[PDB]
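There is one chain below, alone, in structure tokens, taken in the form deposited in one PDB entry.
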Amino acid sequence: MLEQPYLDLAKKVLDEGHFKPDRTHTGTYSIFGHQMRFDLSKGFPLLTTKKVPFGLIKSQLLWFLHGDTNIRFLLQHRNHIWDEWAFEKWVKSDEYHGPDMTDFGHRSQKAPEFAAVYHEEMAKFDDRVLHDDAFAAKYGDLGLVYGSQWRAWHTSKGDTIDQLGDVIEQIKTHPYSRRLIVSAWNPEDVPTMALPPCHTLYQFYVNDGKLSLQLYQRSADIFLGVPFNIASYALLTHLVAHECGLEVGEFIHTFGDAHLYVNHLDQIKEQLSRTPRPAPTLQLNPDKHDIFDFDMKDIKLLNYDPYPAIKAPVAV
């Protein structure tokens, strides 16, 4: 089927998976060096073997595609993937206007204490983030993220570069450029970074008709993160192809360390009792063009027939 690539990685790190101690502490099953290719003309690579949200994907891709580092857009898009992160600037609070949030996670795996306080405290944070321009200014704003790396590279000699777009206009004027890369790995920055970008670089290609993409993703969580990553960059492949007046071809996913967590083995195995179902279709709106201006319903994903969601633990 179109997603069997990912079930071949799921089986491979289970089979040839080496244990390597990881950061987010369970211990993991690693591989190093892996490419996977998806023909985006046969379907949209959301996973039919498990329910992956096309909605939350969507809202975070648009956030990136605008230049936003701010939590408020995503918050008012019911999207919480980067939420726990505005909260780093909440928790270290010289403006601590209150209580136990001192280490939030970890014991938020532990039912009352850091657990459900932190959890009612998300609305406390997620309220001023969304309703208080001032708050939103300061604690809801993730400095370097995907968004400003792809769109506002803090240049050396006082300024900013928009790699995506600058690249989009080379995808429109000089097609066969071997030089259509957008990097998120800036040397200067990476010494001080809570998450340094797991999706380091990618590169566009157009070959007789088609917009292909390749991803260099270095730390890839096979259960929980790779499913999404295939879909947020097949999406981009489509978004950009449709700006440039191109047809689509393939999405190439290259991993550095692609790893299973020890506490997601039983589940990935659970997923692997299911057979795929025919992949989705992606129809974007034909009138809208500046991909920068796209909004939520300029992308529908039709025909998503998925097995239920399987539910993790965490990767922390």
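We call the rigid core whatever largest set of C-alpha positions still superposes within 1.5 Å between the two forms. In this text, residue numbers run from 1 along the sequence as written.
Exercise. For the stretches 190 to 198 and 85 to 93, which has the higher mean C-alpha B-factor as given in the deposited record?
Worked result: Per the PDB record, 85 to 93.
Exercise. Comparing 160 to 168 with 173 to 181, which stretch shows the greater average C-alpha B-factor in the deposited entry?
Worked result: Mean C-alpha B-factor is greater for 160 to 168.
For this session: Just grab whichever of 68, 247, 39, 287 has the top CA B-factor as deposited.
Result: Spelled out: the listed residue with the top C-alpha B-factor is 287.
Exercise. Looking at 228, 73, 146, 118, which has the highest CA B-factor as recorded?
Worked result: The listed residue with the largest C-alpha B-factor is 118.
Problem set entry | Chain thirds of CA B-factor: placement of residue 151 | According to the entry, residue 151 has a C-alpha B-factor in the chain's lowest third.
Problem set entry | residue 205 by Cα B-factor - lowest, middle or highest third of the modelled chain | Its C-alpha B-factor belongs to the middle third of this chain's values.
Problem set entry | Third of the chain's Cα B-factor distribution that residue 106 belongs to, per the entry | Residue 106: CA B-factor falls in the highest third of its chain.
Exercise. Residue 254: which third of its chain by C-alpha temperature factor?
Worked result: Within its chain, residue 254 is a lowest-third residue by C-alpha B-factor, going by the deposited values.
Problem set entry | residue 11, C-alpha B-factor rank within chain (lowest, middle or highest third) | Middle third by C-alpha B-factor.
The same protein also has a form deposited in another entry, omitted here; what follows describes it.
Exercise. Given a rigid core superposition of the two forms, which one of 170, 186, 109, 76 has its CA shift by 2 angstroms or more between the shown form and the other one?
Worked result: Comparing the C-alpha positions, the one residue that moves 2 Å or more is 109.
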